[PDB]
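Both backbone and side-chain heavy atoms feed into the values below; hydrogens, waters and symmetry mates do not. Throughout, residue positions are numbered sequentially from 1 according to the sequence presented.
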Amino acid sequence: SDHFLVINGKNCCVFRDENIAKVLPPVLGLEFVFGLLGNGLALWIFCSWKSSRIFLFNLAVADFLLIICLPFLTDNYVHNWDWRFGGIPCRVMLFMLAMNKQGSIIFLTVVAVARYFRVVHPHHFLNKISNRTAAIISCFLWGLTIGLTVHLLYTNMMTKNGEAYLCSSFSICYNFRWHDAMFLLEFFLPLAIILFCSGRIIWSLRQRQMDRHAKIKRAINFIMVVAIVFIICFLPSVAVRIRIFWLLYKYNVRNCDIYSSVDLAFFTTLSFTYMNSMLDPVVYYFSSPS
Ligand SMILES: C1c2c(-c3nnn[nH]3)n[nH]c2[C@@H]2C[C@H]12
């Protein structure tokens, strides 16, 4: 074939492997059904009384929004990278994916930091914040997410690939743009925050042994579970993308068959980033004694 293509004037090349149409819908359908059956309940009932419930409600809202748009991704895949709905629709779909993932990560980090303050600084005033301030913080964080990701709606992403129509913010292009920096940061910065907060919480707890280990162990296990779930879900795609950037820097897009494998890898790992949203209800809400 001839994979070289021009997207927004930039020289990329995109590949169309039927393995993507074969393997991904198997994972995306399960992600959709489980995300619905978990997050719809987490929203029906918060996890509204406390700030932590508010933050978890926002996390569930982001996860719900992210999963409800996964059927359109499945459609794009089963047709082997053929969008049937037009430009504005997939502009919106990609914007939703990016904004909802970023919001979910932000609220994971907010919950982690709140736990850190609750366990390490019991008598800080953050532990006694009223619901109003939680609402204002949540609104400002949502506004930050939209302000960061609205350029997707601003810009064009639909391009004609031969006999097909390809919509995608992740074409292998000799163009390092703010979207990729955001994609890397959304992992590296909140990961650092989450791991630090967790390490301090587990260090502070292990200094006190006043005969209630039965439940403190459980809490430590759940903090570790959150950290490892985040890492396993999001690190693979970032790693593949960093390999992609090394390749782009050294081997520009001229013989770009060399990207063929890595490209597939990337789109087989993005799926994991969606799967986080179906795990989160089990990690955060369903673990509580309800
Ligand atoms: C998924 C995806 C995303 C994305 N961003 N955030 N989550 N998925 N951007 N571009 C594309 C092409 C269709 C795949």
Any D280 side-chain heavy atom under 4.5 Å of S104 side chain | yes
Evaluate the criterion side-chain contact (heavy atoms from CB on, under 4.5 Å) for residue pair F183 and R241; output intermediate values, then yes/no.
-> CA-CA 9 Å; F183 173 74; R241 175 58 58 167; 3.9 Å; yes
Nearest non-hydrogen partners of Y285 and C47, listed with the distance = CB-O, 3.4 Å
So SG of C13 and CG of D2: to nearest 0.5 Å the spacing works out to 9.0 Å
Provide the closest heavy-atom pair for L24 versus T268 in the form atom of the first, atom of the second, distance.
-> CD2-CA, 4.2 Å
Look at the rings of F46 and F57 and say which category their plane angle falls in: under 30° parallel, 30 to 60° tilted, over 60° perpendicular.
-> parallel
So which heavy atom on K128 is nearest to which on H124, and how close?
-> NZ-O, 3.1 Å
Side chain to side chain donor-acceptor pair (under 3.5 Å) between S204 and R200, intermediate numbers included = CA-CA 6 Å; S204 292; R200 179 60 178 163; 2.8 Å; yes
Report, one line per pair, each donor and acceptor closer than 3.5 Å where one atom sits in a side chain of residues 112-122; sequence neighbours left out.
| residue | atom | partner | partner atom | Å |
| --- | --- | --- | --- | --- |
| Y116 | OH | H121 | NE2 | 3.3 |

Please round to the nearest 0.5 Å and tell me the distance separating atom CG of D180 and atom CG of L185.
-> 11.0 Å
For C12, disulfide (SG to SG under 2.5 Å) partners two or more places apart = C173
Backbone N or O of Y284 within a donor-acceptor pair of the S288 side chain at under 3.5 Å?
-> no
Is a donor on one side and an acceptor on the other found under 3.5 Å between the side chain of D17 and the backbone of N19?
-> yes
Given side-chain contact (heavy atoms from CB on, under 4.5 Å), test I242 with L184 step by step and report yes or no.
-> CA-CA 9 Å; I242 293 299; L184 294 174; 3.4 Å; yes
May I ask you to test the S138-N58 pair for a side-chain heavy-atom distance under 4.5 Å?
-> yes
Among the clusters formed by ILVMFWY side chains lying less than 4.5 Å apart, do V283 and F286 turn up in the same one?
-> yes
Compare every heavy atom of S51 with every heavy atom of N131, then report the nearest pair and how far apart it is.
-> OD1-N, 3.5 Å
In terms of heavy-atom contacts, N161 and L166 come closest through CB-CB, 4.4 Å
At their closest point, which heavy atom of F267 faces which heavy atom of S168, and how far apart are they?
-> CZ-OG, 4.4 Å
If we only count heavy atoms from C-beta on, is the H151 to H179 side-chain gap below 4.5 Å?
-> yes
In this structure, are over 12 heavy atoms from other groups packed under 6.0 Å from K160 atom NZ?
-> yes
Sub-3.5 Å donor-acceptor pair from the side chain of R53 to the main-chain atoms of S48, do we have one?
-> no
Which is it for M158 and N156 under the side-chain contact (heavy atoms from CB on, under 4.5 Å) test, yes or no, and what are the steps along the way?
-> CA-CA 6 Å; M158 179 84 268; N156 166 25; 4.0 Å; yes
Who are the salt bridge (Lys or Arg N to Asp or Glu O under 4.0 Å) partners of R243, not counting sequence neighbours?
-> none
Could you tell me whether the side chain of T159 and the main chain of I7 form a donor-acceptor pair under 3.5 Å?
-> no
For the residue pair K22 and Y77, establish whether any side-chain heavy-atom pair is separated by less than 4.5 Å.
-> no
Within the side chain of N276, is there an N or O that forms a donor-acceptor pair under 3.5 Å with the backbone of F234?
-> no
Are the aromatic ring centres of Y274 and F32 under 6.0 angstrom apart?
-> no
Tell me, do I172 and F266 make a side-chain contact under 4.5 Å, heavy atoms counted?
-> no
Assess whether atom OH of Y251 is packed by more than 12 heavy atoms of other residues, nucleotides or ligands within 6.0 Å.
-> no
Name each donor-acceptor pair under 3.5 Å that joins a side chain in residues 84-103 to protein atoms two or more places apart or in another chain, with its distance.
| residue | atom | partner | partner atom | Å |
| --- | --- | --- | --- | --- |
| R84 | NH1 | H79 | NE2 | 2.8 |
| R84 | NH2 | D75 | OD1 | 3.2 |
| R91 | NE | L153 | O | 3.1 |
| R91 | NE | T155 | O | 2.8 |
| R91 | NH2 | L153 | O | 3.0 |
| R91 | NH2 | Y154 | O | 2.6 |
| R91 | NH2 | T155 | O | 2.6 |
| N100 | ND2 | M96 | O | 2.3 |
| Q102 | NE2 | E186 | OE2 | 2.6 |

Would you call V253 and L248 a side-chain contact if the rule is heavy atoms closer than 4.5 Å?
-> yes
Take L70 and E31 through the test side-chain contact (heavy atoms from CB on, under 4.5 Å) and record every step on the way to the result.
-> CA-CA 8 Å; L70 289 176; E31 286 175 357; 4.2 Å; yes
Check the angle between the aromatic planes of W142 and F107 and answer parallel, tilted or perpendicular using the 30° and 60° thresholds.
-> tilted
Is the backbone of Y259 close enough, under 3.5 Å, to the side chain of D263 for a donor and an acceptor to pair up by distance?
-> no
Is there a donor-acceptor pair closer than 3.5 Å between any side-chain N or O of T74 and the backbone N or O of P25?
-> no
Show me the donor-acceptor pairs within less than 3.5 Å that the side chains of residues 209-228 make with the rest of the protein, sequence neighbours left out.
| residue | atom | partner | partner atom | Å |
| --- | --- | --- | --- | --- |
| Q209 | NE2 | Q207 | O | 2.8 |
| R218 | NH2 | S287 | O | 2.4 |

Of the options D63, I232, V229, which is the one that meets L279 in a side chain to side chain contact (heavy atoms under 4.5 Å, CB included)?
-> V229
Per-pair distances, 0.1 Å, donor-acceptor, side chain in residues 187-198, under 3.5 Å, sequence neighbours excluded:
| residue | atom | partner | partner atom | Å |
| --- | --- | --- | --- | --- |
| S198 | OG | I194 | O | 2.6 |

